[PDB]
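Structure first, then comments.
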Amino acid sequence: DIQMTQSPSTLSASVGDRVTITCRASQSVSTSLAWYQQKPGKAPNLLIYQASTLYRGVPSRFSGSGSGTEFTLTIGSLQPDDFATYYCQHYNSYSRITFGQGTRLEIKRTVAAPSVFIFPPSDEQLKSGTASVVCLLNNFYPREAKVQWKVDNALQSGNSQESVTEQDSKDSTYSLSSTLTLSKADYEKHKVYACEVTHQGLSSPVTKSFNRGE
Amino acid sequence: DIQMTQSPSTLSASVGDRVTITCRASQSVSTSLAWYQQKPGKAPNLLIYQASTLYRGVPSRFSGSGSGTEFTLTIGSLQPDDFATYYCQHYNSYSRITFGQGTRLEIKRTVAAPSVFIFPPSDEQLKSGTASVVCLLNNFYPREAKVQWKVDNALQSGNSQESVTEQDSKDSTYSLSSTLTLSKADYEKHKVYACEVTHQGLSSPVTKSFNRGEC
Amino acid sequence: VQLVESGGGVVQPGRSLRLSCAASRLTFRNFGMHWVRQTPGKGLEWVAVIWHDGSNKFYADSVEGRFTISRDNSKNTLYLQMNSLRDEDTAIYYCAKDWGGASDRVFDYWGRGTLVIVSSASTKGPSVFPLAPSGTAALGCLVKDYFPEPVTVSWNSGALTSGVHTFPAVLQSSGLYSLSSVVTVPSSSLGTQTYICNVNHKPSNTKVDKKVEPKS
Amino acid sequence: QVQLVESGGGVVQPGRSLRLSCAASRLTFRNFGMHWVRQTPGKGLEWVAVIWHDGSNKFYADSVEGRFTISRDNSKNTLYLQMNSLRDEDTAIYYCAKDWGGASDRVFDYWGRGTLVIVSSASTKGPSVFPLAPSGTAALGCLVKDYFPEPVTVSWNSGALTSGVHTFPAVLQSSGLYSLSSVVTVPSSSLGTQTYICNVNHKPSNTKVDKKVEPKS
Amino acid sequence: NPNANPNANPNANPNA
């Protein structure tokens, strides 16, 4: 099948700005390409078809261009209603329909540094033979945040999972939660448990840390 | 759906000319195409179908041509009865019917510069709470003219509508009206009101002005 | 052949309306029938087609799921049920006879048409404001805030016709129509000749005479 | 207005079948080809199948060829999707979609609300709640672990605490069970005088659990 | 062609 890759996956913008997102196809599709808008909890909505033709009832500030393997959707000047997720879709002859992974259009705001917290596993969870350490990043912007776990000052990998909220409607910030899950026996073979946060709003990397048993 | 686009949108000709208008489709319609004539206040009249078949009763001076994506309607010798708007229409299989936006055939004449008049809002309309300023462009040709409102020489945008008459039948000119409407609050917060008219028959754009509350 | 549309009028948005087209001097059951509408922009657009026996119904993309076409051959009548009407449906609606050829979806006969206006506005009589003249002078009457169309303006009860330009009405953001009517006269006649515009709005039963007098 | 309503979703085990249905209303159903599109938990979109107006032609995505069967019944204005040999990868929201009708354009103008399909070997299990104890603002919260299926709702002090609350989206673990955390930022002044309790609800397991979150000993 | 037109023909002959 044909692979549709959108650029970028998250675009930051303010109301009034002009935004352009890119869609790239692994083989030529000519003009057989459509753009959709989707808002959380709803089905997609058709915006453009045949690369550049506006669907009926769509505001004129949406435009589209391209042919072959590169296409762009453009919003002439953003409105509050235009913050959502956008997918490209091809329907090339003798090629099965595929969609891009989507581009998230978020609201721009000033940089806010995260407040980082670390929580040891509670005493009752250890009694179940499982330990889960939690690293919390509250009300930060922008969305890009690197959380590195370090057990005994040894960088971990593959034993954690991250969960991030959607852009808060009130202050347009994000919140992240990384969960490091270990065995109870593997948890008590180590002393130092720290998570290291790298963000644009911090002059230094901040490290919240605890020592098992304190 | 298929997009029908007609070229040109308006065409000036005189009686006896040979006129051709064109219709281009987004994709091929083979020869599934028709042409209609329409005059103001009346339903359309069938002229041509299947790209080139003359409808019974249509004068033989009409003829259609074209295949696939490009089509033409030709009037061999234009009669005074053929000044109207002409639409193309496709009915290609597996495609919902679409009409072109139309082509208006208009009578040709010499250039005539417009007479420009401006009207301050009446005293009666000021007892209403709304103030309408009107600029009148009288007896001009061709129809393409630009009117611009300047309130305290600040260019105005989006607070005016225009209205164009049909082509006069005595002298074949056009007249245009441009109504700038404000609140009474906004009308009294400014002093100088002007319309500036640009037209082919004018060397420089002529401006008509007035001031609020002054003779 | 004859087609006459009926059922038009003013309807508020979201409401419904049923149009009818009465065919005479024609074997109605033998032909497919269309509905074609024409917006104030003068653009034509096909609405729907029904087969000779209601065997099939096809609709324009913009009305699919809201309009319903139907026919009663025993009465020689075409129907169009319009639901959830939007402002984009305001148009003249013609019923059209399909030509009868197998491969040509063309309309040889049309009805006079019927106008459907989708508007929340109520019937309102116009306010007539004078446009006072400041060798050829210009004066007129500004006919504002009326619904629905049309109004008719005369000058001096019709005795003055030369130089009269009555502009087509324009629809305002308020949902009311408004138009101008002007006349060019000799400036020698400003103090001598009286100029009165006669405005009539039959939906309001309003007749207004407005004297346009010169300005200092 | 055109309306599509999907039905037949739920939680099914891997390797078993499930028939989806989509009822059309206010639409010349027999005039249009119909599609199915699904949305994976990662919000990616995937076209599933298409059927022609008369059902004379059917096509499928390579991922579901031979296991899925699309069909329709024009007399009832209903579209069907027979799913067999279901895998975890088929977990998605399944929309039925109407083909626009443009001859050249395979675009979808009208979509249904979607119906949820969870393919899991896991059984309905209520959540275990553990506290993230706090130790001039402090952060505390609740860890809601190992439940199935979604969703759980988390409140704080029975709804009297809205500000600074963040209930993170659920994450799926390698065990086939879901886990999330909900945290609140509170005044460090308040920890010894005010009590903070989360109120986790898991309706599939008839679970309503509370847990008082106080600083560690 | 899986993306061929799946819809009915609205311009087929509708007459008797």
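First to last, the protein sequences are chains L, M, I, H and P.
Numbered according to PDB author numbering, the first sequence spans residues 1 to 95, 95A, 96 to 213.
Numbered according to PDB author numbering, the second sequence spans residues 1 to 95, 95A, 96 to 214.
Numbered according to PDB author numbering, the third sequence spans residues 2 to 52, 52A, 53 to 82, 82A to 82C, 83 to 100, 100A to 100D, 101 to 127, 134 to 215.
Numbered according to PDB author numbering, the fourth sequence spans residues 1 to 52, 52A, 53 to 82, 82A to 82C, 83 to 100, 100A to 100D, 101 to 127, 134 to 215.
Residue numbering for the fifth sequence follows PDB author numbering, starting at 2 and increasing by one per position.
No residue lacks a Cβ here, since even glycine has one placed at the ideal position from N, Cα and C.
- Within chain M, the residues placing a beta-carbon under 7 Å from that of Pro11/P are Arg95A, ordered along the chain.
- Following the DSSP letters along the chain, one finds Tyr90/I inside the beta strand (DSSP E) bounded by residues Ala88 to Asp95.
- Residues of chain P with a Cβ closer than 9 Å to the Cβ of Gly33/I are, in chain order, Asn14, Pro15, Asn16 and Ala17.
- Between the segment 149-158 of chain M and the segment 17-28 of chain I, the count of C-beta pairs closer than 8 Å stays below three; the two stretches do not touch.
- A residue is called buried when at least 16 other Cβ atoms come within 10 angstroms of its Cβ; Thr116/I does not meet this threshold and is exposed.
- DSSP, reduced to helix, strand and coil, places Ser188/H within a helical segment of the structure shown.
- Within its own chain, the residues whose Cβ lies closer than 6 Å to the Cβ of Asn82A/H, once the five positions on either side in sequence are excluded, are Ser17 and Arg66, listed in chain order.
- Counting of Cβ neighbours within 10 angstroms places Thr135/I among the exposed residues, the total staying below 16.
- In this structure, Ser9/M keeps its C-beta atom at 8 Å or more from the C-beta atom of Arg24/M.
- Remark: C-beta atoms of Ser120/I and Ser127/M approach each other more closely than 8 Å.
- Three or more pairs of CB atoms, one per stretch, sit closer than 8 Å, so the segment 162-175 of chain M contacts the segment 137-146 of chain M.
- Judged by DSSP in its simplified three-state form, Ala112/M adopts coil rather than helix or strand.
- Shown here, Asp72/I sits in a strand according to DSSP, grouped into three states.
- Chain-ordered listing is empty here: chain I has no CB closer than 8 Å to the CB of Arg66/H, the nearest sitting near 33 Å.
- When DSSP states are grouped into helix, strand and coil, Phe71/M belongs to the strand group.
- In the DSSP assignment, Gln199/L falls outside any alpha helix (DSSP H) and carries neither an H nor an E.
- Collapsing the DSSP output to three states places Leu27/I in coil.
- The beta carbon of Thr197/L sits closer than 6 Å to those of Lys145 and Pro204, all from its chain and outside the five residues before and after it, given in chain order.
- In the structure shown, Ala43/M falls within a coil segment according to DSSP collapsed to helix, strand and coil.
- Think of a sphere of 8 Å around the beta carbon of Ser100/I: no beta carbon from chain H falls inside it, the nearest being about 17 Å out.
- Among the CB atoms of chain M, none fall inside 8 Å of the CB of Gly54/H.
- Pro123/H is bridged by DSSP to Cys140/H.
- Put simply, the CB of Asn8/P is near chain M, with a gap under 8 Å to one of its CB atoms.
- Rounded to the nearest whole angstrom, the CA to CA distance from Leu104/L to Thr87/H is 26 Å.
- In this structure, the beta-carbon distance from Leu11/M to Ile21/M falls below 8 Å.
- Residue environment: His52A/H is assigned as buried (16 or more neighbouring CB atoms within 10 Å of its CB, all protein chains considered).
- According to the DSSP assignment, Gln147/M belongs to the beta strand (DSSP E) that extends over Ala144 to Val150.
- Taking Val11/H as the centre and dropping the five residues before and after it, the same chain places the C-beta of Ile110, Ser112 and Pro147 closer than 7 Å to its C-beta, in chain order.
- Annotation: the continuous alpha helix (DSSP H) that includes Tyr186/M extends over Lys183 to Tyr186.
- For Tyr86/M, the number of other beta carbons within 10 angstroms of its own is at least 16, and it is reported as buried.
- One thing to note: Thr69/M has its Cβ within 8 Å of the Cβ of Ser28/M.
- Non-local C-beta neighbours of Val100C/I in its own chain, meaning closer than 8 Å and more than five positions away in sequence, comprise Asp95 and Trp96, ordered along the chain.
- Apart from the 5 residues on each side of it in sequence, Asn199/I sits with its Cβ closer than 6 Å to the Cβ of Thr151 and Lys206 in its chain, given in chain order.
- Listed by position along chain I, the residues whose Cβ is nearer than 9 Å to that of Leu82C/H form an empty set, because the closest Cβ is around 33 Å away.
- Just measuring C-alpha positions, the residue of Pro44/L, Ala34/L, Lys42/L and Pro59/L sitting nearest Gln50/L is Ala34/L.
- At a C-beta separation below 7 Å, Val50/H has these neighbours in chain P: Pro3 and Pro7.
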